[PDB]
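Have a look at entry35.pdb below; it lists PDB, C-alpha atoms and all ligand atoms.
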```pdb
MODEL        1
ATOM      1  CA  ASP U   1       1.145   5.269 141.849
ATOM      2  CA  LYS U   2       3.752   3.008 140.147
ATOM      3  CA  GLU U   3       0.974   0.421 139.406
ATOM      4  CA  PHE U   4      -1.007   2.953 137.282
ATOM      5  CA  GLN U   5       2.297   4.215 135.740
ATOM      6  CA  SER U   6       3.009   0.622 134.523
ATOM      7  CA  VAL U   7      -0.532   0.385 132.962
ATOM      8  CA  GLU U   8      -0.002   3.851 131.296
ATOM      9  CA  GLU U   9       3.469   2.657 130.027
ATOM     10  CA  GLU U  10       1.997  -0.648 128.647
ATOM     11  CA  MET U  11      -0.787   1.358 126.936
ATOM     12  CA  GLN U  12       1.584   3.941 125.283
ATOM     13  CA  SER U  13       4.504   1.562 124.410
ATOM     14  CA  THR U  14       2.319  -1.021 122.539
ATOM     15  CA  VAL U  15       0.875   1.508 119.970
ATOM     16  CA  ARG U  16       1.524   0.375 116.354
ATOM     17  CA  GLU U  17       0.975   1.781 112.828
ATOM     18  CA  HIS U  18      -2.121  -0.082 111.512
ATOM     19  CA  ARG U  19      -2.741  -1.273 107.886
ATOM     20  CA  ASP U  20      -6.123   0.571 107.500
ATOM     21  CA  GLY U  21      -4.294   3.930 108.062
ATOM     22  CA  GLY U  22      -6.284   4.833 111.184
ATOM     23  CA  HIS U  23      -9.721   4.131 109.635
ATOM     24  CA  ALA U  24     -11.052   2.001 112.572
ATOM     25  CA  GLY U  25      -9.169   3.391 115.600
ATOM     26  CA  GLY U  26      -8.099   6.858 114.440
ATOM     27  CA  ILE U  27      -4.910   8.720 113.453
ATOM     28  CA  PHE U  28      -2.587   8.854 116.515
ATOM     29  CA  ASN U  29       0.834   7.784 117.881
ATOM     30  CA  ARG U  30       0.096   8.501 121.593
ATOM     31  CA  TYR U  31      -2.904   8.715 124.047
ATOM     32  CA  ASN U  32      -4.020  11.103 126.800
ATOM     33  CA  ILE U  33      -4.703   8.827 129.803
ATOM     34  CA  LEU U  34      -7.379  10.536 131.939
ATOM     35  CA  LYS U  35      -8.154   7.757 134.461
ATOM     36  CA  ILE U  36      -7.010   4.227 135.432
ATOM     37  CA  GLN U  37      -9.449   2.556 137.829
ATOM     38  CA  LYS U  38      -8.790  -0.797 139.524
ATOM     39  CA  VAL U  39     -11.838  -3.073 139.144
ATOM     40  CA  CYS U  40     -12.643  -4.875 142.415
ATOM     41  CA  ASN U  41     -15.439  -7.329 141.496
ATOM     42  CA  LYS U  42     -14.970 -10.175 144.027
ATOM     43  CA  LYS U  43     -17.533 -12.477 142.275
ATOM     44  CA  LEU U  44     -15.640 -12.130 138.936
ATOM     45  CA  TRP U  45     -12.292 -12.603 140.759
ATOM     46  CA  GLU U  46     -13.411 -15.926 142.418
ATOM     47  CA  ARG U  47     -14.691 -17.165 138.998
ATOM     48  CA  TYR U  48     -11.326 -16.248 137.395
ATOM     49  CA  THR U  49      -9.006 -17.748 140.121
ATOM     50  CA  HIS U  50     -11.007 -21.025 140.286
ATOM     51  CA  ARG U  51     -10.738 -21.473 136.472
ATOM     52  CA  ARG U  52      -7.068 -20.292 136.602
ATOM     53  CA  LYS U  53      -6.335 -23.154 139.105
ATOM     54  CA  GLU U  54      -8.223 -25.688 136.859
ATOM     55  CA  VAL U  55      -6.227 -24.629 133.721
ATOM     56  CA  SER U  56      -2.937 -24.561 135.766
ATOM     57  CA  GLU U  57      -3.485 -28.241 136.863
ATOM     58  CA  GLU U  58      -4.072 -29.141 133.145
ATOM     59  CA  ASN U  59      -0.998 -27.192 131.876
ATOM     60  CA  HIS U  60       2.019 -28.466 133.968
ATOM     61  CA  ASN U  61       1.072 -26.192 136.985
ATOM     62  CA  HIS U  62       1.304 -23.129 134.628
ATOM     63  CA  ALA U  63      -1.710 -20.812 134.102
ATOM     64  CA  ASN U  64       0.133 -18.968 131.232
ATOM     65  CA  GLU U  65      -1.377 -15.695 132.583
ATOM     66  CA  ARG U  66      -0.935 -12.558 130.458
ATOM     67  CA  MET U  67      -1.990  -8.916 130.804
ATOM     68  CA  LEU U  68      -3.911  -8.153 127.572
ATOM     69  CA  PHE U  69      -6.104  -5.335 126.210
ATOM     70  CA  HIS U  70      -9.804  -5.565 125.338
ATOM     71  CA  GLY U  71     -11.841  -2.962 123.451
ATOM     72  CA  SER U  72     -15.664  -3.126 123.367
ATOM     73  CA  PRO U  73     -18.720  -0.769 123.562
ATOM     74  CA  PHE U  74     -19.928  -2.991 126.476
ATOM     75  CA  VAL U  75     -16.922  -2.416 128.861
ATOM     76  CA  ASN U  76     -19.312  -1.247 131.655
ATOM     77  CA  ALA U  77     -21.402  -4.465 131.260
ATOM     78  CA  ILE U  78     -18.151  -6.572 131.448
ATOM     79  CA  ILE U  79     -16.893  -4.919 134.720
ATOM     80  CA  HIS U  80     -20.280  -5.831 136.379
ATOM     81  CA  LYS U  81     -21.374  -9.135 134.679
ATOM     82  CA  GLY U  82     -17.974 -10.310 133.341
ATOM     83  CA  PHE U  83     -16.942 -11.686 129.942
ATOM     84  CA  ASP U  84     -19.569 -13.883 128.270
ATOM     85  CA  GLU U  85     -18.820 -16.447 125.497
ATOM     86  CA  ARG U  86     -22.639 -16.693 124.898
ATOM     87  CA  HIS U  87     -22.413 -13.259 123.149
ATOM     88  CA  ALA U  88     -19.395 -14.404 120.996
ATOM     89  CA  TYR U  89     -19.789 -14.574 117.170
ATOM     90  CA  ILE U  90     -18.932 -17.813 115.228
ATOM     91  CA  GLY U  91     -18.071 -15.585 112.205
ATOM     92  CA  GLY U  92     -14.926 -14.314 113.973
ATOM     93  CA  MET U  93     -11.360 -15.024 112.703
ATOM     94  CA  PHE U  94     -10.858 -17.731 115.395
ATOM     95  CA  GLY U  95     -14.608 -18.344 115.838
ATOM     96  CA  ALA U  96     -16.920 -17.934 118.841
ATOM     97  CA  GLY U  97     -14.430 -16.681 121.412
ATOM     98  CA  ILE U  98     -13.541 -13.553 123.435
ATOM     99  CA  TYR U  99     -10.637 -11.699 121.698
ATOM    100  CA  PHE U 100      -7.726  -9.819 123.317
ATOM    101  CA  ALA U 101      -4.698  -7.904 121.965
ATOM    102  CA  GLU U 102      -1.159  -7.305 123.302
ATOM    103  CA  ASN U 103      -1.247  -3.945 121.394
ATOM    104  CA  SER U 104      -3.554  -1.265 122.936
ATOM    105  CA  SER U 105      -4.018   0.362 119.472
ATOM    106  CA  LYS U 106      -5.475  -2.953 118.135
ATOM    107  CA  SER U 107      -8.122  -3.057 120.956
ATOM    108  CA  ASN U 108      -8.800   0.715 120.406
ATOM    109  CA  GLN U 109     -10.264  -0.221 116.928
ATOM    110  CA  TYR U 110     -13.108  -2.050 118.778
ATOM    111  CA  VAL U 111     -14.016   0.574 121.465
ATOM    112  CA  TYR U 112     -16.925   1.934 119.286
ATOM    113  CA  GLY U 113     -17.722  -1.424 117.580
ATOM    114  CA  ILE U 114     -16.325  -3.674 114.793
ATOM    115  CA  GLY U 115     -14.115  -1.605 112.457
ATOM    116  CA  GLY U 116     -14.681   1.391 114.749
ATOM    117  CA  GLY U 117     -18.435   1.323 114.009
ATOM    118  CA  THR U 118     -19.845   4.819 113.375
ATOM    119  CA  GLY U 119     -17.292   6.178 115.894
ATOM    120  CA  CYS U 120     -18.092   8.280 118.993
ATOM    121  CA  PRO U 121     -21.874   8.643 119.751
ATOM    122  CA  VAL U 122     -22.015  12.509 119.763
ATOM    123  CA  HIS U 123     -19.704  13.435 116.776
ATOM    124  CA  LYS U 124     -19.893  10.103 114.760
ATOM    125  CA  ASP U 125     -16.063  10.236 114.373
ATOM    126  CA  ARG U 126     -13.823   7.124 114.539
ATOM    127  CA  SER U 127     -10.806   9.479 114.898
ATOM    128  CA  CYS U 128     -12.505  11.690 117.581
ATOM    129  CA  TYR U 129      -9.953  13.425 119.855
ATOM    130  CA  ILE U 130     -12.627  15.033 122.106
ATOM    131  CA  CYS U 131     -14.810  12.080 123.310
ATOM    132  CA  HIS U 132     -13.464   9.955 126.194
ATOM    133  CA  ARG U 133     -12.767   6.292 125.237
ATOM    134  CA  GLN U 134     -12.683   3.285 127.603
ATOM    135  CA  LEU U 135     -10.392   0.231 127.361
ATOM    136  CA  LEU U 136      -9.849  -2.787 129.595
ATOM    137  CA  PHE U 137      -6.423  -4.132 130.626
ATOM    138  CA  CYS U 138      -7.377  -7.686 131.565
ATOM    139  CA  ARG U 139      -5.750 -10.613 133.338
ATOM    140  CA  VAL U 140      -6.132 -13.469 130.820
ATOM    141  CA  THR U 141      -5.508 -17.194 131.479
ATOM    142  CA  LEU U 142      -4.222 -18.682 128.209
ATOM    143  CA  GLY U 143      -2.995 -22.055 129.549
ATOM    144  CA  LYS U 144      -2.071 -24.461 126.752
ATOM    145  CA  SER U 145      -2.529 -22.023 123.849
ATOM    146  CA  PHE U 146      -3.107 -23.319 120.290
ATOM    147  CA  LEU U 147      -0.779 -21.521 117.821
ATOM    148  CA  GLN U 148      -2.667 -20.631 114.605
ATOM    149  CA  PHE U 149      -1.815 -18.317 111.644
ATOM    150  CA  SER U 150      -4.860 -18.581 109.286
ATOM    151  CA  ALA U 151      -8.679 -18.433 109.949
ATOM    152  CA  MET U 152     -10.001 -21.293 112.149
ATOM    153  CA  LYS U 153     -13.769 -21.025 112.947
ATOM    154  CA  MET U 154     -13.790 -22.668 116.428
ATOM    155  CA  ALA U 155     -16.788 -23.063 118.749
ATOM    156  CA  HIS U 156     -14.515 -24.006 121.689
ATOM    157  CA  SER U 157     -10.757 -24.311 122.388
ATOM    158  CA  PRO U 158      -9.054 -26.989 120.180
ATOM    159  CA  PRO U 159      -8.883 -30.444 121.938
ATOM    160  CA  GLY U 160      -6.349 -30.483 124.790
ATOM    161  CA  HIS U 161      -5.969 -26.650 124.693
ATOM    162  CA  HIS U 162      -7.417 -23.696 126.741
ATOM    163  CA  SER U 163      -7.060 -20.834 124.187
ATOM    164  CA  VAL U 164      -6.019 -19.826 120.639
ATOM    165  CA  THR U 165      -3.002 -17.582 119.910
ATOM    166  CA  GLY U 166      -3.317 -15.794 116.571
ATOM    167  CA  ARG U 167       0.247 -15.254 115.342
ATOM    168  CA  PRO U 168       1.213 -12.683 112.629
ATOM    169  CA  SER U 169       1.872 -13.918 109.047
ATOM    170  CA  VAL U 170       2.576 -12.263 105.599
ATOM    171  CA  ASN U 171      -0.973 -12.882 104.170
ATOM    172  CA  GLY U 172      -2.725 -13.175 107.577
ATOM    173  CA  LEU U 173      -2.668 -11.047 110.763
ATOM    174  CA  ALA U 174      -0.526  -7.887 111.110
ATOM    175  CA  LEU U 175      -0.409  -8.175 114.944
ATOM    176  CA  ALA U 176      -1.024 -10.941 117.514
ATOM    177  CA  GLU U 177      -4.442 -11.737 119.089
ATOM    178  CA  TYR U 178      -5.477 -14.112 121.886
ATOM    179  CA  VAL U 179      -8.808 -15.936 122.021
ATOM    180  CA  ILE U 180     -10.460 -17.599 125.054
ATOM    181  CA  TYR U 181     -13.738 -19.544 124.737
ATOM    182  CA  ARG U 182     -14.808 -19.278 128.441
ATOM    183  CA  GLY U 183     -15.798 -15.940 129.999
ATOM    184  CA  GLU U 184     -14.287 -16.892 133.388
ATOM    185  CA  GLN U 185     -10.773 -17.257 131.801
ATOM    186  CA  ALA U 186     -10.359 -13.412 131.927
ATOM    187  CA  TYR U 187     -10.698 -10.774 134.662
ATOM    188  CA  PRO U 188     -11.224  -7.068 133.721
ATOM    189  CA  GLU U 189      -8.560  -5.718 136.123
ATOM    190  CA  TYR U 190      -8.149  -2.111 134.878
ATOM    191  CA  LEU U 191     -10.655   0.317 133.370
ATOM    192  CA  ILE U 192      -8.670   2.880 131.320
ATOM    193  CA  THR U 193     -10.412   6.156 130.410
ATOM    194  CA  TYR U 194      -8.471   7.982 127.685
ATOM    195  CA  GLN U 195      -8.494   9.932 124.393
ATOM    196  CA  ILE U 196      -6.513   9.383 121.198
ATOM    197  CA  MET U 197      -4.218  12.394 120.624
ATOM    198  CA  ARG U 198      -3.806  14.346 117.356
ATOM    199  CA  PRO U 199      -0.240  13.744 115.969
TER     200      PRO U 199
HETATM  201  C1  LIG G 201     -14.279  -6.883 120.156
HETATM  202  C2  LIG G 201     -12.755  -7.007 120.122
HETATM  203  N1  LIG G 201     -12.139  -7.710 119.152
HETATM  204  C3  LIG G 201     -10.789  -7.832 119.117
HETATM  205  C4  LIG G 201     -10.180  -8.577 118.098
HETATM  206  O1  LIG G 201     -10.936  -9.205 117.159
HETATM  207  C5  LIG G 201      -8.792  -8.737 118.073
HETATM  208  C6  LIG G 201      -7.999  -8.124 119.046
HETATM  209  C7  LIG G 201      -8.597  -7.365 120.056
HETATM  210  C8  LIG G 201      -9.987  -7.216 120.097
HETATM  211  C9  LIG G 201     -10.601  -6.466 121.101
HETATM  212  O2  LIG G 201      -9.955  -5.884 121.973
HETATM  213  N2  LIG G 201     -11.994  -6.362 121.110
HETATM  214 ZN    ZN G 202     -16.649  12.546 119.653
ENDMDL
END
```
Could you write out this file's structure as C-alpha cells?
Ligand SMILES: Cc1nc2c(O)cccc2c(=O)[nH]1
Ligand SMILES: [Zn+2]
Amino acid sequence: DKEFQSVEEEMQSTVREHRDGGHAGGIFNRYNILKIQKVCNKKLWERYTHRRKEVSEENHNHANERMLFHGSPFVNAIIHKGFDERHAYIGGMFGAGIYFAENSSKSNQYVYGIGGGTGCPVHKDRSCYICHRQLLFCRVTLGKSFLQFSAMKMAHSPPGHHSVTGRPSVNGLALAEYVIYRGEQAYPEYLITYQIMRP
C-alpha cells in the first residue's frame, strides 16, 4: 500500500539527533516498522470532524489540519476512548494540553513515559532494540495556532486561538511541538508498531 508507505516515509524522514544523546528515546538513526494499522473508530471520527468544522468556521474556513506524531504508554486507551484533556498536566511546557510532534523521534521519547520512563517493561531499557514500540500518527486540527517560543503554562488555548505552536529557539525548544487543549481536536488515525534500530 502507498498509504502505509507514506506513513513509513514520514516516520523515517523526520528522525533527528536529540540533545540528550538518546537518553529518553534511545540511540538510533532509523526504525524497523513492523505494522501500520488504520484506526477506524467512528465515534472518535464524528467527534473530530464536528470540532474540525467548528474550528474551520472560526479560522477563515481553514481547519489548519496537520498529520502529527504522538507518543504515550496509553496509546491503546487513546484508540478506544480518544484523547482526553482531563488527564493533561498543568506543569507542562505549554500547560494542560495534549502534545504532538512533527518529528517521530521526539514522540518516541514519550512511548515509555516522560523522559523515556524506566524504558521497556521486560528489559527496563530506554534504548531497547528488542521490545516492540507503539506510536500514533494523528490528524490534528490546529486552527488559529498561537506561536510561542518560551514556557507558557496555559489551562486552555489563548483567547481567540485553537492551539499553541511551540517554535524552536536558541535557549528554548530544539524541535517544534503542537499543543491542543480539547481531546476532540485530534484523531488517532494510524497505530504504528515498530522498533528502534541499532546504528
Ligand atoms: C506525552 C507526549 N509529550 C510530547 C511532548 O511534550 C512534546 C512532543 C511530543 C510529545 C508526545 O508525542 N507525547
Ligand atoms: Zn525491551
Nearest to ligand LIG 201 (chain G) by atom-to-atom distance, counting all atoms listed in the file, from U:110, U:190, U:4, U:181: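 Ranked by minimum distance to ligand LIG 201 (chain G), first place goes to U:110.
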Distance filter 6 Å around ligand LIG 201 (chain G), atoms: all atoms listed in the file, out as a list in words: residues 69, 70, 71, 72, 99, 100, 101, 106, 107, 110 and 177 of chain U
Within 8 Å of ligand ZN 202 (chain G) (only C-alpha atoms and all ligand atoms), residues as a PDB file with C-alpha atoms, in the coordinates of the input:
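The resulting file, result27.pdb, is reproduced below:
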```pdb
ATOM      1  CA  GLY U 119     -17.292   6.178 115.894  1.00  0.00           C
ATOM      2  CA  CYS U 120     -18.092   8.280 118.993  1.00  0.00           C
ATOM      3  CA  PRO U 121     -21.874   8.643 119.751  1.00  0.00           C
ATOM      4  CA  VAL U 122     -22.015  12.509 119.763  1.00  0.00           C
ATOM      5  CA  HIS U 123     -19.704  13.435 116.776  1.00  0.00           C
ATOM      6  CA  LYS U 124     -19.893  10.103 114.760  1.00  0.00           C
ATOM      7  CA  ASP U 125     -16.063  10.236 114.373  1.00  0.00           C
ATOM      8  CA  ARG U 126     -13.823   7.124 114.539  1.00  0.00           C
ATOM      9  CA  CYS U 128     -12.505  11.690 117.581  1.00  0.00           C
ATOM     10  CA  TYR U 129      -9.953  13.425 119.855  1.00  0.00           C
ATOM     11  CA  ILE U 130     -12.627  15.033 122.106  1.00  0.00           C
ATOM     12  CA  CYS U 131     -14.810  12.080 123.310  1.00  0.00           C
ATOM     13  CA  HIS U 132     -13.464   9.955 126.194  1.00  0.00           C
TER      14      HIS U 132
END
```
7 Å contact set for stretch 79-82 of chain U, all atoms listed in the file, chain neighbours under 4 positions out, as a PyMOL selection string: chain U and resi 39+44+75+183+188
Give me, as a PDB file with C-alpha atoms, keeping the file's coordinate frame, all polymer residues having an atom no more than 10 Å from residue U:64, counting only C-alpha atoms and skipping those fewer than 5 positions away in the same chain.
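Printed below is around.pdb as written:
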```
ATOM      1  CA  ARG U  52      -7.068 -20.292 136.602  1.00  0.00           C
ATOM      2  CA  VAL U  55      -6.227 -24.629 133.721  1.00  0.00           C
ATOM      3  CA  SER U  56      -2.937 -24.561 135.766  1.00  0.00           C
ATOM      4  CA  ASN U  59      -0.998 -27.192 131.876  1.00  0.00           C
ATOM      5  CA  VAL U 140      -6.132 -13.469 130.820  1.00  0.00           C
ATOM      6  CA  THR U 141      -5.508 -17.194 131.479  1.00  0.00           C
ATOM      7  CA  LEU U 142      -4.222 -18.682 128.209  1.00  0.00           C
ATOM      8  CA  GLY U 143      -2.995 -22.055 129.549  1.00  0.00           C
ATOM      9  CA  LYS U 144      -2.071 -24.461 126.752  1.00  0.00           C
ATOM     10  CA  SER U 145      -2.529 -22.023 123.849  1.00  0.00           C
ATOM     11  CA  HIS U 162      -7.417 -23.696 126.741  1.00  0.00           C
TER      12      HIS U 162
END
```
Result set of the PyMOL selection byres (((chain U and resi 184) around 6) and not hetatm) on the coordinates above, as an NGL selection string: :U and (47-48 or 182-183 or 185-186)
Could you write out the selected residues, including C-alpha atoms, as a JSON list (two decimals), in the coordinates of the input?
```json
[["chain", "number", "residue", "atom", "x", "y", "z"],
["U", 47, "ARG", "CA", -14.69, -17.16, 139.00],
["U", 48, "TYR", "CA", -11.33, -16.25, 137.40],
["U", 182, "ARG", "CA", -14.81, -19.28, 128.44],
["U", 183, "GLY", "CA", -15.80, -15.94, 130.00],
["U", 185, "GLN", "CA", -10.77, -17.26, 131.80],
["U", 186, "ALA", "CA", -10.36, -13.41, 131.93]]
```
Selection result for the PyMOL selection byres (((chain U and resi 9-15) around 12) and not hetatm) on this file, as a VMD selection string: chain U and resid 2 to 8 16 to 18 22 25 to 33 36 67 to 70 101 to 109 135 to 137 175 to 176 190 to 197
Generate a file of the selected residues that holds C-alpha atoms, formatted as a JSON list (two decimals), keeping the file's coordinate frame.
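Wrote it out as result_27.json, contents follow:
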```
[["chain", "number", "residue", "atom", "x", "y", "z"],
["U", 2, "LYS", "CA", 3.75, 3.01, 140.15],
["U", 3, "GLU", "CA", 0.97, 0.42, 139.41],
["U", 4, "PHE", "CA", -1.01, 2.95, 137.28],
["U", 5, "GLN", "CA", 2.30, 4.22, 135.74],
["U", 6, "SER", "CA", 3.01, 0.62, 134.52],
["U", 7, "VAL", "CA", -0.53, 0.38, 132.96],
["U", 8, "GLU", "CA", 0.00, 3.85, 131.30],
["U", 16, "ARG", "CA", 1.52, 0.38, 116.35],
["U", 17, "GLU", "CA", 0.98, 1.78, 112.83],
["U", 18, "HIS", "CA", -2.12, -0.08, 111.51],
["U", 22, "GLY", "CA", -6.28, 4.83, 111.18],
["U", 25, "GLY", "CA", -9.17, 3.39, 115.60],
["U", 26, "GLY", "CA", -8.10, 6.86, 114.44],
["U", 27, "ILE", "CA", -4.91, 8.72, 113.45],
["U", 28, "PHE", "CA", -2.59, 8.85, 116.52],
["U", 29, "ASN", "CA", 0.83, 7.78, 117.88],
["U", 30, "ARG", "CA", 0.10, 8.50, 121.59],
["U", 31, "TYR", "CA", -2.90, 8.72, 124.05],
["U", 32, "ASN", "CA", -4.02, 11.10, 126.80],
["U", 33, "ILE", "CA", -4.70, 8.83, 129.80],
["U", 36, "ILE", "CA", -7.01, 4.23, 135.43],
["U", 67, "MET", "CA", -1.99, -8.92, 130.80],
["U", 68, "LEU", "CA", -3.91, -8.15, 127.57],
["U", 69, "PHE", "CA", -6.10, -5.34, 126.21],
["U", 70, "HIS", "CA", -9.80, -5.56, 125.34],
["U", 101, "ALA", "CA", -4.70, -7.90, 121.96],
["U", 102, "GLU", "CA", -1.16, -7.30, 123.30],
["U", 103, "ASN", "CA", -1.25, -3.94, 121.39],
["U", 104, "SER", "CA", -3.55, -1.26, 122.94],
["U", 105, "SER", "CA", -4.02, 0.36, 119.47],
["U", 106, "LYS", "CA", -5.48, -2.95, 118.14],
["U", 107, "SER", "CA", -8.12, -3.06, 120.96],
["U", 108, "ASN", "CA", -8.80, 0.72, 120.41],
["U", 109, "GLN", "CA", -10.26, -0.22, 116.93],
["U", 135, "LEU", "CA", -10.39, 0.23, 127.36],
["U", 136, "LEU", "CA", -9.85, -2.79, 129.60],
["U", 137, "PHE", "CA", -6.42, -4.13, 130.63],
["U", 175, "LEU", "CA", -0.41, -8.18, 114.94],
["U", 176, "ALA", "CA", -1.02, -10.94, 117.51],
["U", 190, "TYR", "CA", -8.15, -2.11, 134.88],
["U", 191, "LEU", "CA", -10.66, 0.32, 133.37],
["U", 192, "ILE", "CA", -8.67, 2.88, 131.32],
["U", 193, "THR", "CA", -10.41, 6.16, 130.41],
["U", 194, "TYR", "CA", -8.47, 7.98, 127.68],
["U", 195, "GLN", "CA", -8.49, 9.93, 124.39],
["U", 196, "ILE", "CA", -6.51, 9.38, 121.20],
["U", 197, "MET", "CA", -4.22, 12.39, 120.62]]
```
Å distance separating atom CA of residue U:95 from atom CA of residue U:151, one decimal place: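 Those two atoms sit 8.4 Å apart.
Across the structure, atom CA of residue U:90 and atom CA of residue U:154 are spaced 7.2 Å apart.
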Top pick for closest residue to residue U:180, considering U:21, U:199, U:158, U:116 and counting all atoms listed in the file: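 Closest residue, counting all atoms listed in the file: U:158.
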Residue among U:112, U:57, U:118, U:179 lying closest to residue U:88, counting all atoms listed in the file: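 Of U:112, U:57, U:118, U:179, the one nearest residue U:88 is U:179, counting all atoms listed in the file.
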Box for stretch 170-177 of chain U - axis-aligned, 3 Å on each of the six sides, all listed atoms - centre and size in Å to one decimal, as AutoDock Vina command-line options.
```
--center_x -0.9 --center_y -10.5 --center_z 111.6 --size_x 13.0 --size_y 11.3 --size_z 20.9
```
Shell of 12 Å around residue U:172, only C-alpha atoms, local chain residues under 6 positions omitted, as a PyMOL selection string: chain U and resi 19+93+148-152+166
Length of the atom CA of residue U:134 to atom CA of residue U:34 vector [Å]: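 These two atoms are separated by 10.0 Å.
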Pick from U:35, U:139, U:167, U:51, whichever lies nearest to residue U:65 using only C-alpha atoms: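 So, comparing all the options, the nearest one is U:139.
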Could you write stretch 146-159 of chain U as a compact mmCIF listing (two decimals), keeping the file's coordinate frame, with N, CA and C atoms rebuilt where they are missing?
```
# COMPACT_ATOMS: atom_id res chain seq x y z
N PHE U 146 -3.25 -22.77 121.64
CA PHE U 146 -3.11 -23.32 120.29
C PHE U 146 -2.63 -22.23 119.33
N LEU U 147 -1.43 -22.43 118.76
CA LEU U 147 -0.78 -21.52 117.82
C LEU U 147 -1.38 -21.69 116.43
N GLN U 148 -2.00 -20.63 115.90
CA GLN U 148 -2.67 -20.63 114.60
C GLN U 148 -2.34 -19.34 113.84
N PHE U 149 -2.16 -19.45 112.51
CA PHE U 149 -1.82 -18.32 111.64
C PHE U 149 -2.99 -17.89 110.75
N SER U 150 -3.72 -18.85 110.17
CA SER U 150 -4.86 -18.58 109.29
C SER U 150 -6.20 -18.76 110.03
N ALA U 151 -7.32 -18.35 109.39
CA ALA U 151 -8.68 -18.43 109.95
C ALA U 151 -9.05 -19.86 110.35
N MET U 152 -9.60 -20.01 111.56
CA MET U 152 -10.00 -21.29 112.15
C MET U 152 -11.28 -21.07 112.97
N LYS U 153 -12.46 -21.25 112.33
CA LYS U 153 -13.77 -21.02 112.95
C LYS U 153 -14.08 -22.08 114.03
N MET U 154 -13.62 -21.81 115.26
CA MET U 154 -13.79 -22.67 116.43
C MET U 154 -15.02 -22.29 117.24
N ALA U 155 -15.67 -23.29 117.84
CA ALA U 155 -16.79 -23.06 118.75
C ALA U 155 -16.24 -23.03 120.17
N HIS U 156 -15.22 -23.86 120.42
CA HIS U 156 -14.52 -24.01 121.69
C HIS U 156 -13.02 -24.07 121.43
N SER U 157 -12.21 -24.15 122.50
CA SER U 157 -10.76 -24.31 122.39
C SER U 157 -10.44 -25.61 121.66
N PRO U 158 -9.36 -25.71 120.84
CA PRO U 158 -9.05 -26.99 120.18
C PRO U 158 -8.81 -28.09 121.22
N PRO U 159 -9.07 -29.39 120.91
CA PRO U 159 -8.88 -30.44 121.94
C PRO U 159 -7.53 -30.38 122.63
```
